Structure formats: structure tokens, C-alpha cells
file my_file-v9.cif (mmCIF, C-alpha atoms and all ligand atoms)
data_protein
#
loop_
_atom_site.label_atom_id
_atom_site.label_comp_id
_atom_site.auth_asym_id
_atom_site.auth_seq_id
_atom_site.Cartn_x
_atom_site.Cartn_y
_atom_site.Cartn_z
CA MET A 1 -12.26 -2.90 2.00
CA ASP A 2 -16.03 -3.34 2.27
CA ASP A 3 -18.65 -0.59 2.46
CA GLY A 4 -18.82 -1.09 6.23
CA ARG A 5 -15.15 -0.22 6.67
CA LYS A 6 -15.52 2.70 4.25
CA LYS A 7 -18.30 4.05 6.47
CA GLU A 8 -16.28 3.46 9.65
CA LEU A 9 -13.38 5.47 8.22
CA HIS A 10 -15.74 8.09 6.80
CA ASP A 11 -17.15 8.70 10.29
CA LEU A 12 -13.67 8.98 11.82
CA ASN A 13 -12.35 11.14 8.99
CA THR A 14 -15.37 13.43 9.18
CA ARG A 15 -14.87 13.85 12.92
CA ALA A 16 -11.21 14.71 12.32
CA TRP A 17 -12.21 17.34 9.77
CA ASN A 18 -14.58 18.61 12.47
CA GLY A 19 -11.63 19.19 14.78
CA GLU A 20 -11.86 16.12 16.98
CA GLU A 21 -8.92 14.03 18.08
CA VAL A 22 -10.25 10.62 17.10
CA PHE A 23 -6.91 8.84 16.82
CA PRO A 24 -5.92 7.11 20.09
CA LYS A 25 4.76 10.87 26.35
CA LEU A 26 5.16 10.39 22.60
CA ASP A 27 8.49 9.42 20.99
CA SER A 28 9.77 12.61 19.35
CA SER A 29 13.30 11.33 18.76
CA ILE A 30 15.10 11.97 15.48
CA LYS A 31 15.63 8.21 15.00
CA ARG A 32 11.91 7.47 15.44
CA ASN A 33 10.75 10.26 13.16
CA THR A 34 13.26 9.63 10.38
CA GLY A 35 12.43 5.94 10.76
CA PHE A 36 8.83 6.86 9.97
CA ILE A 37 9.81 8.75 6.79
CA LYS A 38 11.90 5.78 5.64
CA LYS A 39 8.93 3.49 6.14
CA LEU A 40 6.69 5.84 4.11
CA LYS A 41 9.28 5.98 1.32
CA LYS A 42 9.14 2.24 0.75
CA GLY A 43 5.71 2.95 -0.73
CA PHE A 44 2.06 2.22 -0.02
CA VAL A 45 1.78 -1.53 -0.54
CA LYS A 46 -0.24 -4.29 1.11
CA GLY A 47 0.56 -4.93 4.77
CA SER A 48 2.68 -1.80 5.22
CA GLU A 49 -0.34 -0.08 6.79
CA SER A 50 -0.29 -1.74 10.22
CA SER A 51 3.35 -0.97 11.03
CA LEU A 52 2.90 2.69 10.08
CA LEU A 53 -0.28 2.93 12.14
CA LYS A 54 1.68 1.77 15.19
CA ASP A 55 4.16 4.63 14.69
CA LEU A 56 1.28 7.10 14.43
CA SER A 57 0.13 5.87 17.83
CA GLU A 58 3.65 5.96 19.31
CA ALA A 59 5.61 8.69 17.54
CA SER A 60 5.27 12.45 17.83
CA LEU A 61 5.72 13.42 14.20
CA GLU A 62 4.66 17.09 14.41
CA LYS A 63 8.03 18.68 13.61
CA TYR A 64 8.46 16.36 10.61
CA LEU A 65 4.98 17.16 9.24
CA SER A 66 6.10 19.20 6.21
CA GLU A 67 8.48 16.43 5.17
CA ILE A 68 5.72 13.85 5.73
CA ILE A 69 3.38 15.82 3.46
CA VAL A 70 5.93 15.96 0.61
CA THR A 71 6.91 12.32 1.11
CA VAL A 72 3.31 11.09 1.17
CA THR A 73 2.41 13.26 -1.84
CA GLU A 74 5.08 11.48 -3.87
CA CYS A 75 4.08 8.04 -2.54
CA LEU A 76 0.38 8.65 -3.21
CA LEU A 77 0.96 9.78 -6.78
CA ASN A 78 2.99 6.62 -7.39
CA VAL A 79 0.66 4.01 -5.90
CA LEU A 80 0.56 0.99 -8.23
CA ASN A 81 -2.61 -0.21 -9.93
CA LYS A 82 -3.13 -3.00 -7.42
CA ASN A 83 -6.34 -3.09 -5.41
CA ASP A 84 -4.55 -4.21 -2.25
CA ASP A 85 -1.98 -1.42 -2.47
CA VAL A 86 -4.76 1.17 -2.89
CA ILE A 87 -6.46 -0.11 0.30
CA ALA A 88 -3.19 0.19 2.21
CA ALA A 89 -2.80 3.77 0.98
CA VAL A 90 -6.35 4.56 2.12
CA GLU A 91 -5.75 3.23 5.65
CA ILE A 92 -2.41 5.04 5.96
CA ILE A 93 -3.75 8.38 4.70
CA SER A 94 -6.79 8.02 6.97
CA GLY A 95 -4.50 7.51 9.97
CA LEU A 96 -2.44 10.57 9.11
CA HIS A 97 -5.60 12.59 8.55
CA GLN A 98 -6.98 11.42 11.90
CA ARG A 99 -3.76 12.42 13.69
CA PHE A 100 -3.27 15.81 12.04
CA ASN A 101 -6.50 16.87 10.27
CA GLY A 102 -6.30 19.80 7.84
CA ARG A 103 -2.74 20.90 8.48
CA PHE A 104 -1.79 17.56 6.85
CA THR A 105 -4.72 16.97 4.48
CA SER A 106 -5.10 20.49 3.07
CA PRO A 107 -1.59 20.81 1.60
CA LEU A 108 -1.65 17.13 0.56
CA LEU A 109 -4.91 17.58 -1.35
CA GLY A 110 -3.73 20.77 -3.03
CA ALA A 111 -0.52 19.13 -4.22
CA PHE A 112 -2.24 15.89 -5.21
CA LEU A 113 -4.76 17.75 -7.43
CA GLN A 114 -1.89 18.98 -9.59
CA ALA A 115 -1.89 15.44 -11.04
CA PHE A 116 -5.10 16.31 -12.88
CA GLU A 117 -3.96 19.49 -14.62
CA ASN A 118 -3.93 18.75 -18.36
CA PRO A 119 -0.68 19.12 -20.26
CA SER A 120 -0.42 22.52 -21.94
CA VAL A 121 1.34 21.05 -24.97
CA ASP A 122 0.20 18.77 -27.78
CA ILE A 123 0.69 15.01 -27.90
CA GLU A 124 4.08 14.17 -29.42
CA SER A 125 4.07 10.43 -28.90
CA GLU A 126 0.90 8.37 -28.58
CA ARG A 127 2.98 5.77 -26.83
CA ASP A 128 3.74 8.37 -24.18
CA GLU A 129 0.09 9.47 -24.13
CA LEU A 130 -1.02 5.94 -23.28
CA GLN A 131 1.45 5.93 -20.34
CA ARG A 132 0.23 9.35 -19.23
CA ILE A 133 -3.42 8.22 -19.37
CA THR A 134 -2.59 5.12 -17.34
CA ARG A 135 -1.03 7.34 -14.69
CA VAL A 136 -4.02 9.72 -14.61
CA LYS A 137 -6.42 6.81 -14.20
CA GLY A 138 -4.44 5.50 -11.25
CA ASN A 139 -4.34 8.94 -9.67
CA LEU A 140 -8.07 9.34 -10.25
CA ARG A 141 -8.75 5.96 -8.67
CA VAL A 142 -6.74 6.76 -5.56
CA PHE A 143 -8.31 10.21 -5.30
CA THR A 144 -11.78 8.72 -5.48
CA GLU A 145 -11.10 6.07 -2.84
CA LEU A 146 -9.93 8.85 -0.49
CA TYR A 147 -12.97 10.91 -1.40
CA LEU A 148 -15.26 8.04 -0.47
CA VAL A 149 -13.71 7.78 3.00
CA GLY A 150 -14.07 11.51 3.63
CA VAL A 151 -10.42 12.52 3.43
CA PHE A 152 -10.51 14.41 0.12
CA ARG A 153 -13.88 16.18 0.03
CA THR A 154 -13.95 19.65 -1.45
CA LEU A 155 -11.84 22.64 -2.46
CA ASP A 156 -13.44 24.34 0.54
CA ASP A 157 -11.14 22.32 2.84
CA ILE A 158 -7.97 23.75 1.32
CA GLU A 159 -6.39 26.73 3.08
CA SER A 160 -5.89 29.90 1.06
CA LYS A 161 -2.23 29.41 1.99
CA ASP A 162 -2.16 26.09 0.13
CA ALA A 163 -1.89 26.28 -3.65
CA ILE A 164 -4.37 24.60 -5.95
CA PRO A 165 -3.93 23.81 -9.67
CA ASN A 166 -4.75 26.45 -12.29
CA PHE A 167 -7.76 24.56 -13.63
CA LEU A 168 -9.49 24.67 -10.24
CA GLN A 169 -8.75 28.33 -9.46
CA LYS A 170 -10.98 31.41 -9.38
CA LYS A 171 -14.18 29.52 -8.53
CA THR A 172 -16.97 31.77 -7.24
CA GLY A 173 -20.57 31.11 -6.22
CA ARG A 174 -21.92 27.58 -6.60
CA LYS A 175 -19.01 25.16 -6.84
CA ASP A 176 -19.34 21.88 -8.67
CA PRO A 177 -18.52 18.66 -6.79
CA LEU A 178 -14.75 18.12 -6.85
CA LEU A 179 -14.93 14.87 -8.81
CA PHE A 180 -17.02 16.64 -11.46
CA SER A 181 -14.34 19.35 -11.73
CA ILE A 182 -11.55 16.79 -12.05
CA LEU A 183 -13.34 14.68 -14.65
CA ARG A 184 -14.40 17.67 -16.76
CA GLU A 185 -10.72 18.59 -17.02
CA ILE A 186 -9.09 15.21 -17.69
CA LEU A 187 -11.73 13.92 -20.12
CA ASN A 188 -11.06 16.94 -22.31
CA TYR A 189 -7.39 16.69 -23.22
CA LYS A 190 -7.14 15.87 -26.94
CA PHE A 191 -10.58 14.23 -26.78
CA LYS A 192 -10.71 13.64 -30.52
CA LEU A 193 -7.84 11.10 -30.30
CA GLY A 194 -9.97 8.80 -28.12
CA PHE A 195 -7.53 8.12 -25.29
CA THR A 196 -9.66 9.89 -22.67
CA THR A 197 -12.66 7.68 -23.44
CA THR A 198 -10.79 4.97 -21.52
CA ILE A 199 -10.69 7.17 -18.39
CA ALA A 200 -14.48 7.34 -18.60
CA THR A 201 -14.93 3.59 -18.99
CA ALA A 202 -12.40 2.75 -16.29
CA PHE A 203 -14.13 5.13 -13.91
CA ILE A 204 -17.67 3.83 -14.34
CA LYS A 205 -16.52 0.20 -14.00
CA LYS A 206 -14.78 0.81 -10.68
CA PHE A 207 -17.23 3.32 -9.18
CA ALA A 208 -20.59 2.15 -10.55
CA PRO A 209 -22.76 3.18 -7.60
CA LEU A 210 -22.01 6.81 -8.50
CA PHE A 211 -23.72 6.22 -11.85
CA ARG A 212 -26.75 4.16 -10.90
CA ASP A 213 -29.61 6.16 -9.38
CA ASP A 214 -31.09 3.13 -7.61
CA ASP A 215 -27.75 2.27 -6.00
CA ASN A 216 -27.77 4.09 -2.66
CA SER A 217 -24.89 2.11 -1.11
CA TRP A 218 -22.49 5.09 -1.11
CA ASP A 219 -24.95 7.88 -0.23
CA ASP A 220 -23.53 8.18 3.31
CA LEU A 221 -20.04 8.56 1.84
CA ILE A 222 -20.85 11.36 -0.59
CA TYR A 223 -19.98 14.94 0.43
CA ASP A 224 -22.40 16.94 -1.73
CA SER A 225 -25.70 15.25 -2.66
CA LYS A 226 -25.52 16.86 -6.12
CA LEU A 227 -22.59 14.59 -7.06
CA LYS A 228 -24.48 11.70 -8.67
CA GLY A 229 -26.60 14.10 -10.75
CA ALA A 230 -23.56 16.11 -11.84
CA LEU A 231 -21.65 13.01 -12.82
CA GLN A 232 -24.61 11.58 -14.72
CA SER A 233 -24.91 14.86 -16.66
CA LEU A 234 -21.20 14.96 -17.40
CA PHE A 235 -21.02 11.37 -18.56
CA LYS A 236 -24.19 11.51 -20.68
CA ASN A 237 -22.74 14.56 -22.45
CA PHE A 238 -19.48 12.67 -22.87
CA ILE A 239 -21.36 9.71 -24.28
CA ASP A 240 -23.17 11.90 -26.84
CA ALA A 241 -19.75 13.20 -27.90
CA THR A 242 -18.20 9.74 -28.02
CA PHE A 243 -21.10 8.31 -30.04
CA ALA A 244 -20.90 11.27 -32.45
CA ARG A 245 -17.16 10.93 -33.00
CA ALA A 246 -17.50 7.15 -33.39
CA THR A 247 -20.13 7.70 -36.08
CA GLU A 248 -17.96 10.26 -37.89
CA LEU A 249 -14.98 7.91 -37.83
CA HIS A 250 -17.13 4.95 -38.87
CA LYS A 251 -18.26 6.78 -42.00
CA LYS A 252 -14.67 7.77 -42.85
CA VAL A 253 -13.05 4.37 -42.33
CA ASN A 254 -15.77 2.58 -44.28
CA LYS A 255 -15.49 5.06 -47.17
CA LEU A 256 -11.70 4.73 -47.32
CA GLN A 257 -11.89 0.95 -47.09
CA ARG A 258 -14.44 0.83 -49.91
CA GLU A 259 -12.33 3.01 -52.19
CA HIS A 260 -9.21 0.93 -51.40
CA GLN A 261 -11.08 -2.27 -52.18
CA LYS A 262 -12.42 -0.94 -55.47
CA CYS A 263 -8.90 0.17 -56.37
CA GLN A 264 -7.40 -3.22 -55.62
CA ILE A 265 -10.03 -4.86 -57.84
CA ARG A 266 -9.06 -2.49 -60.66
CA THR A 267 -5.27 -2.53 -60.39
CA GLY A 268 -4.22 -5.44 -58.16
CA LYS A 269 -2.01 -3.09 -56.10
CA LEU A 270 -1.77 -3.80 -52.37
CA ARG A 271 -1.42 -0.13 -51.45
CA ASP A 272 -3.02 3.12 -52.58
CA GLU A 273 -3.78 6.52 -51.05
CA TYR A 274 -7.04 5.30 -49.48
CA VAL A 275 -5.60 2.49 -47.38
CA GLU A 276 -2.74 4.76 -46.29
CA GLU A 277 -5.21 7.25 -44.82
CA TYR A 278 -7.34 4.38 -43.51
CA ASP A 279 -4.36 3.02 -41.54
CA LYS A 280 -4.02 6.36 -39.72
CA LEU A 281 -7.71 6.57 -38.79
CA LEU A 282 -8.43 2.95 -37.89
CA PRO A 283 -6.80 2.89 -34.42
CA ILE A 284 -8.72 6.04 -33.49
CA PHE A 285 -11.95 4.47 -34.74
CA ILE A 286 -11.23 1.32 -32.75
CA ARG A 287 -10.69 3.36 -29.56
CA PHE A 288 -14.02 5.13 -30.02
CA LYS A 289 -15.94 1.99 -30.98
CA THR A 290 -14.61 -0.03 -28.03
CA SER A 291 -15.52 2.77 -25.65
CA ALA A 292 -18.91 3.42 -27.30
CA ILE A 293 -19.80 -0.24 -26.77
CA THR A 294 -18.72 -0.27 -23.13
CA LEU A 295 -20.50 2.99 -22.32
CA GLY A 296 -23.61 1.79 -24.09
CA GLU A 297 -23.63 -1.52 -22.23
CA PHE A 298 -23.18 0.16 -18.84
CA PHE A 299 -25.85 2.83 -19.29
CA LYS A 300 -28.19 0.41 -21.11
CA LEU A 301 -28.30 2.48 -24.27
CA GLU A 302 -28.24 1.39 -27.90
CA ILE A 303 -25.06 2.25 -29.83
CA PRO A 304 -25.06 3.87 -33.26
CA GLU A 305 -24.33 1.52 -36.17
CA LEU A 306 -20.58 0.87 -36.03
CA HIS A 307 -20.06 -2.23 -38.18
CA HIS A 308 -16.57 -2.52 -39.63
CA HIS A 309 -14.75 -5.57 -40.88
CA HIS A 310 -10.99 -5.07 -40.75
CA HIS A 311 -7.73 -6.96 -41.22
CL CL I 1 -19.12 15.98 -3.81
#
call {"tool": "encode", "arguments": {"input": "my_file-v9.cif", "output": "C-alpha cells"}}
result
Amino acid sequence: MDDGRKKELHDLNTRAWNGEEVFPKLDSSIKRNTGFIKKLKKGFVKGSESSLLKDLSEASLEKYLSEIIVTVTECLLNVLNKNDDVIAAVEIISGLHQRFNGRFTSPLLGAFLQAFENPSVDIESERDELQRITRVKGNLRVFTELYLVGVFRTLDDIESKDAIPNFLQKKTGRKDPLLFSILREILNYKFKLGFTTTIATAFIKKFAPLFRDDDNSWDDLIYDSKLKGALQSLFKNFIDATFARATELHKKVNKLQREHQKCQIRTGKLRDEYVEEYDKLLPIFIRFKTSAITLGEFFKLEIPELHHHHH
């Protein structure tokens, strides 16, 4: 999907939010409507969009709306990390939004945002944490693509009736852009372990125009003009933190390595207390260093000294 098609959908989706019927007797039969749900349940993958769009132009799905919302919520949260599948999901959600506006999109958005609430427990398995982070990144990607086409815009679109996650509740006065709110939450779960730094790098790589002031290509797609500024502030703070932690870890791993090496010269032993602690810290250091380098390259900044010769 090119920027032209994004803008086409944005215009249609904005009109739908504005109360227009922009989507052009309907079939209200049980067979037709359950047949639609079954099609949704096969998942949002490439090509599946066109068939579903035909149903939206032929079927009267109003009495199955609640079920469609739940079904789509599950499908959306489980979209694969495949660029073509994401595009299909965007076209399908846009169609549904154009047919039903807020009575579909409001509860969908509220339920979808639950995907960004941080766990309220500690990490038990870093293997599981990597899987969790992968899921969050996929959910963030899909959210952002739907933001850019004007489907998912702001908490202000959600009805009071429709629940929103705890981390987004009780907002008064000036609200931050929704993407800022989401990223401030997800970047800050167990930050010191370094797994969330990969959310930051994945996000800037895929959505670069949000981070480059000279890049105006998505300005017409952005809901609140403060977004680019807010995101730049958030990420520059995150970079300061990432650089600082990388430097702290760099000093620790080098110190432990040096003591281990001196020990091995003295005694000939392969193992000692220094390399045992080193082994626990090194993967964390590597996560921070890799991310420090990527963030530095993207924002054209020099990295702190992070030399380390390992293995
Ligand atoms: Cl915004």
C-alpha cells in the first residue's frame, strides 16, 4: 500500500468518523451473516480482503455486529508479521469502519488497546519475554497502520460505554497523542533487561517519517500535529536512557572480563567468579549495544564508547 492509497483510505475513514455513509435490499439471512463470520475467522491474510469487501457491499450484518467486533478483535491481535497480511487487515478494517463507523470502531479500538497494557508481574522466562515482545511489536505495527489510515485516531473516539485499558484511564486536560501514550507504556516494562529497546528500533525502522522532521509525507495522515514532536521527545529520552545503560553495562562487562583474564593467567582455571557473573550480564550488554548502535545510526548521533571483544 502506497502513500496515495493511505490518503484515499484516510479521506474515506475520516468521512465515516464524521458520520457519512461513504461505503457503497441487503442480504440479512443467517447463512450469509454466519458465512461472513466464518470468512473473518480464517484470518486477515493476503487476498482475503476482496471477498470480504463484497460481502460488506451485499450483506446486512447489523445484527451480527457484536460478534463481528469480538471476532475481528481476535483476528487483528493475531495478524502475522507479514507485510501483505497487514495490508489485507487494513483494507478489511477500513471497509468495516466505513460501513459502521464508531459503533464498530469504538469497541474494537478499546479492546485492541488492551494488547498494550504491561504485564503486572515480573519476567519469569526470558524466552517467554522474547515471544511477548514479538507479539507487542506486531500489535503495535498493526495499530500504527490503522492509525495512519484514520481508523484508530484518539481516545476521544471511544464511547464512555466502551472500556479502555487501565494505563490509558483517568486522562484529564491536554491528552498526549495516542501513539505516544502506547509507546510510553510498552517501552517501560522491565526496561533494564533491554528487550524493549527492540520495540523502539523496530518502530523507527518501519515508521521513519514520524521521526524525521523534514519528511512531510505522512502529515495529511496524522491526527494531532503534536505527534512528531511528542515522539521525538519520547525517543530522545529513551535514547539517553539506552546509551546510559549501555555505558553502565560496558564498564561492568569489561571489568569482569579483565578480572577473569588476570585470574586465568595466574591459575590456568577456565572458570572463576568473574566469568560466571560476566556470562549473566553479557547478553544484556549485547542487547543494549545492538540497540544503541541502531538508534545512533538512525538519529545520526555518535554512540558512547562500547568496545568489547567477546567469545
Ligand atoms: Cl496523534
call {"tool": "residues_around", "arguments": {"input": "my_file-v9.cif", "residues": "segment 137-150 of chain A", "least_positions_apart": "3", "cutoff": "9 Å", "atoms": "all atoms listed in the file", "output": "ChimeraX atom specification"}}
result
/A:5-14,17,76-81,86-87,89-90,93-94,112-113,115-116,132-134,153-154,179,182-183,198-199,202-203,206-207,218,221-223
call {"tool": "closest_residue", "arguments": {"input": "my_file-v9.cif", "among": "A:41, A:127, A:252, A:226", "to": "ligand CL 1 (chain I)", "atoms": "only C-alpha atoms and all ligand atoms"}}
result
A:226
call {"tool": "closest_residue", "arguments": {"input": "my_file-v9.cif", "among": "A:52, A:42, A:61, A:249", "to": "residue 30 of chain A", "atoms": "only C-alpha atoms"}}
result
A:61
call {"tool": "atom_distance", "arguments": {"input": "my_file-v9.cif", "atom1": "atom CA of residue 175 of chain A", "atom2": "atom CA of residue 18 of chain A"}}
result
20.9 Å
call {"tool": "closest_residue", "arguments": {"input": "my_file-v9.cif", "among": "A:256, A:208, A:284, A:136", "to": "residue 272 of chain A", "atoms": "all atoms listed in the file"}}
result
A:256
call {"tool": "atom_distance", "arguments": {"input": "my_file-v9.cif", "atom1": "atom CA of residue 263 of chain A", "atom2": "atom CA of residue 277 of chain A"}}
result
14.0 Å
call {"tool": "residues_around", "arguments": {"input": "my_file-v9.cif", "residues": "residue 29 of chain A", "least_positions_apart": "4", "cutoff": "9 Å", "atoms": "all atoms listed in the file", "output": "list in words"}}
result
residues 33, 34, 59 and 60 of chain A
call {"tool": "atom_distance", "arguments": {"input": "my_file-v9.cif", "atom1": "atom CA of residue 275 of chain A", "atom2": "atom CA of residue 245 of chain A"}}
result
20.3 Å
call {"tool": "residues_near_point", "arguments": {"input": "my_file-v9.cif", "point": "(-16.0, 22.9, -12.6)", "cutoff": "12 Å", "atoms": "only C-alpha atoms", "output": "list in words"}}
result
residues 154, 155, 166, 167, 168, 169, 170, 171, 172, 173, 174, 175, 176, 177, 178, 179, 180, 181, 182, 183, 184, 185, 186, 227, 230, 231 and 234 of chain A
call {"tool": "write_last_selection", "arguments": {"input": "my_file-v9.cif", "atoms": "C-alpha atoms", "output": "compact mmCIF listing (two decimals), keeping the file's coordinate frame"}}
result
# COMPACT_ATOMS: atom_id res chain seq x y z
CA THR A 154 -13.95 19.65 -1.45
CA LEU A 155 -11.84 22.64 -2.46
CA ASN A 166 -4.75 26.45 -12.29
CA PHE A 167 -7.76 24.56 -13.63
CA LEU A 168 -9.49 24.67 -10.24
CA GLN A 169 -8.75 28.33 -9.46
CA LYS A 170 -10.98 31.41 -9.38
CA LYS A 171 -14.18 29.52 -8.53
CA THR A 172 -16.97 31.77 -7.24
CA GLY A 173 -20.57 31.11 -6.22
CA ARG A 174 -21.92 27.58 -6.60
CA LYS A 175 -19.01 25.16 -6.84
CA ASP A 176 -19.34 21.88 -8.67
CA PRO A 177 -18.52 18.66 -6.79
CA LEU A 178 -14.75 18.12 -6.85
CA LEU A 179 -14.93 14.87 -8.81
CA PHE A 180 -17.02 16.64 -11.46
CA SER A 181 -14.34 19.35 -11.73
CA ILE A 182 -11.55 16.79 -12.05
CA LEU A 183 -13.34 14.68 -14.65
CA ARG A 184 -14.40 17.67 -16.76
CA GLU A 185 -10.72 18.59 -17.02
CA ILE A 186 -9.09 15.21 -17.69
CA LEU A 227 -22.59 14.59 -7.06
CA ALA A 230 -23.56 16.11 -11.84
CA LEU A 231 -21.65 13.01 -12.82
CA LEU A 234 -21.20 14.96 -17.40
call {"tool": "residues_around", "arguments": {"input": "my_file-v9.cif", "residues": "segment 105-107 of chain A", "least_positions_apart": "6", "cutoff": "10 Å", "atoms": "all atoms listed in the file", "output": "MDAnalysis selection string"}}
result
chainID A and resid 17 66 69:70 73 93:94 96:98 151:152 154:164
call {"tool": "write_last_selection", "arguments": {"input": "my_file-v9.cif", "atoms": "C-alpha atoms", "output": "PDB file, keeping the file's coordinate frame"}}
result
ATOM      1  CA  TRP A  17     -12.210  17.340   9.770  1.00  0.00           C
ATOM      2  CA  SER A  66       6.100  19.200   6.210  1.00  0.00           C
ATOM      3  CA  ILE A  69       3.380  15.820   3.460  1.00  0.00           C
ATOM      4  CA  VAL A  70       5.930  15.960   0.610  1.00  0.00           C
ATOM      5  CA  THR A  73       2.410  13.260  -1.840  1.00  0.00           C
ATOM      6  CA  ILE A  93      -3.750   8.380   4.700  1.00  0.00           C
ATOM      7  CA  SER A  94      -6.790   8.020   6.970  1.00  0.00           C
ATOM      8  CA  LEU A  96      -2.440  10.570   9.110  1.00  0.00           C
ATOM      9  CA  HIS A  97      -5.600  12.590   8.550  1.00  0.00           C
ATOM     10  CA  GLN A  98      -6.980  11.420  11.900  1.00  0.00           C
ATOM     11  CA  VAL A 151     -10.420  12.520   3.430  1.00  0.00           C
ATOM     12  CA  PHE A 152     -10.510  14.410   0.120  1.00  0.00           C
ATOM     13  CA  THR A 154     -13.950  19.650  -1.450  1.00  0.00           C
ATOM     14  CA  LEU A 155     -11.840  22.640  -2.460  1.00  0.00           C
ATOM     15  CA  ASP A 156     -13.440  24.340   0.540  1.00  0.00           C
ATOM     16  CA  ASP A 157     -11.140  22.320   2.840  1.00  0.00           C
ATOM     17  CA  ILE A 158      -7.970  23.750   1.320  1.00  0.00           C
ATOM     18  CA  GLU A 159      -6.390  26.730   3.080  1.00  0.00           C
ATOM     19  CA  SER A 160      -5.890  29.900   1.060  1.00  0.00           C
ATOM     20  CA  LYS A 161      -2.230  29.410   1.990  1.00  0.00           C
ATOM     21  CA  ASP A 162      -2.160  26.090   0.130  1.00  0.00           C
ATOM     22  CA  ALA A 163      -1.890  26.280  -3.650  1.00  0.00           C
ATOM     23  CA  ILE A 164      -4.370  24.600  -5.950  1.00  0.00           C
TER      24      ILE A 164
END
call {"tool": "closest_residue", "arguments": {"input": "my_file-v9.cif", "among": "A:295, A:286, A:210, A:92", "to": "ligand CL 1 (chain I)", "atoms": "all atoms listed in the file"}}
result
A:210
call {"tool": "closest_residue", "arguments": {"input": "my_file-v9.cif", "among": "A:291, A:83, A:57, A:247", "to": "residue 197 of chain A", "atoms": "only C-alpha atoms"}}
result
A:291
